[PDB]
6 protein chains.
Amino acid sequence: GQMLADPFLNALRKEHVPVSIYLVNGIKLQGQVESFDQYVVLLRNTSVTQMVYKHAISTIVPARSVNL
Amino acid sequence: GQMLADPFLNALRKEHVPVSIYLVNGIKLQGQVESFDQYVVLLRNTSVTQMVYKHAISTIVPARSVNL
Amino acid sequence: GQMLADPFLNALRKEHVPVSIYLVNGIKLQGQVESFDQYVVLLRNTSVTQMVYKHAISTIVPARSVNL
Amino acid sequence: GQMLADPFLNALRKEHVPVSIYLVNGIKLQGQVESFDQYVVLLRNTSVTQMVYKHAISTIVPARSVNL
Amino acid sequence: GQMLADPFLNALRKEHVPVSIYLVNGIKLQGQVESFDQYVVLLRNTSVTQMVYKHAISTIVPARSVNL
Amino acid sequence: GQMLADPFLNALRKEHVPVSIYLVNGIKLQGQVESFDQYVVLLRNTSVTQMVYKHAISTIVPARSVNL
């Protein structure tokens, strides 16, 4: 397929679906997808919005499926 | 050879073959290949469809060979 | 979205917000974002300014959110 | 040198030389090189043909040298 | 910012400042920056000059800050 | 600097200098640099010539410095 990663993150962002982001070092982050660009995902939890590099993400697991 | 990765994922997707996706952090994911694009594989199990970055995949092991 | 990583690092740099930079090897660095370019972030603490490769950064966690 | 990786994998493929493929997570795969493209190696053992991403391969060790 | 990584390594090289280079596998190298190019840093210690791939470097920590 | 990685590997290859190649998974390989291309280094020891992906190499340590 073509051009699927952005619709997936946009659906999560617009529907406010909580996610778990598993990083290549074994860190698991949880929060809301606030925004993203070519390189990063901005992930907000109750404390702060942090900047996650896509190159370090292995998988993004939503709390429920988003229908693209 | 040339242009083999997409036929392999497409065969898995169309034939509904279960896979194991081994990630660079040692996580093993199991499910169905729902879709893919240049950067990601959408992997569905009984809970959710998650977005897996190809850069984090080491190997994809089908439950049976697909014949391309 | 588009062109978000540079506004985020610039806000941190200009507002002097302390950060934690988590690296893919499990090192956590703390300090101030002094500068950055296409490839690196220069991170200053009380000892020195060190050069961090973006490819090795998983997430940058500010002490407080920056509003872009 | 120039253009050596494809002759090496092609020699292994055509001569049916068993290989060990060491991945960046510490997995060692064994089998035959069935095919490859810009991004992947298809590796067959007695069970299945699996798709290995080149980005995850550290070294490919043949059972004997191939003479290119 | 723009074009900062080369001035940083050049300052270290010209001023003979000792560095610690932390690699993604957890190796820490120490020595002098002898030279660098698009892909590598040549790092000299009392034994030898070794070739370090930038893709494997997480952070370069000078013994003192260099002023660019 | 510019265009240093190839002169370094070529000097090792032509002078038959033994090397240690440290990989991102912690494997250390030893042998002779037989050849290289844009993506790989062919490393020969007494058993076989193996194909090492540059993306997986952290540092190459010669038994003695090569003078470029």
# chains A, B, ... in the order shown; residues from 1 in each chain; ligands from 1

call {"tool": "select_by_dssp", "arguments": {"residues": "chain F", "states": "strand (DSSP E)", "output": "VMD selection string"}}
result
chain F and resid 19 to 23 28 to 36 40 to 44 49 to 53 57 to 62

call {"tool": "interface_residues", "arguments": {"of": "chain C", "to": "chain E", "cutoff": "12 Å", "atoms": "only C-alpha atoms", "output": "ChimeraX atom specification"}}
result
/C:6-7,9-10,13,21-29,33-58

call {"tool": "atom_distance", "arguments": {"atom1": "CA of residue 11 in chain D", "atom2": "CA of residue 30 in chain D"}}
result
16.6 Å

call {"tool": "select_by_dssp", "arguments": {"residues": "chain D", "states": "helix (DSSP H, G or I)", "output": "VMD selection string"}}
result
chain D and resid 5 to 15 54 to 56

call {"tool": "atom_distance", "arguments": {"atom1": "CA of residue 68 in chain D", "atom2": "CA of residue 18 in chain D"}}
result
16.4 Å
